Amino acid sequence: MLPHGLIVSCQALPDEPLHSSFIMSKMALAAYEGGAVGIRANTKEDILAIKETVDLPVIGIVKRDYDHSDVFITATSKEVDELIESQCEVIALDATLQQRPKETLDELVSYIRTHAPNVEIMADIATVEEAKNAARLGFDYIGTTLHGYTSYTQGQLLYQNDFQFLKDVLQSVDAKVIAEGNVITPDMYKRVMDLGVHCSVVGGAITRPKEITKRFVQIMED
């Protein structure tokens, strides 16, 4: 199981400065030495590289665009198969009811339970009712990952109105909730943990120096 505490997302997509399975493995080692209790990683190759540097539990995803689908976080059984091969402790996937390229959410959950019975599953959701649906499907973890990053939640951010969306998710499900998306400061991390999330995923604020640099530069431009 994932402990209580800080999960560090070690991701760099193509054309990002730190894009490299090797570099993400070193970012994961840094997070481990810093006192992270887990890693979130993208693609089989990054996950396998990370598993050579740290023994921390890994939340695995495959970000891959499909034609005629807005679902890109572990969209089909192809991505699930890669993550089963990766041996990541948790498989995370988009858990919205948006049109998928192949299998439905229900079919992907069943597929993982059948072919990988020792792996836990995490629902990346954008709405309270998506979180409720994920809890009903028996997801081990429910993340706020896609809140503000779907066409129907545009302009919304996790921290808005003292984390009201997170408070609503926590009240609606008894499953372990993960604060993920726009946790950019230790103060924000403390708040979501005090509100009663199981753990919190921090990415950009630790592993995206471009994003951190922009925050420093922006204070002078206000």
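Just count from 1 along the sequence shown to find any residue number.
Comparing 42-50 with 60-68, the stretch with the higher mean C-alpha B-factor in the PDB entry is 60-68. Between 104-112 and 133-141, it is 104-112 that carries the larger average Cα temperature factor according to the deposited entry.
Looking at the C-alpha B-factors along this chain, the one for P186 belongs to the middle third. Among all modelled residues in its chain, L158 ranks in the highest third by Cα B-factor.
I73 sits in the middle third of its chain by CA B factor, as recorded in the PDB entry.
Among all modelled residues in its chain, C88 ranks in the middle third by Cα B-factor. The entry lists a Cα temperature factor for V119 that places it in the highest third of the chain's modelled residues.
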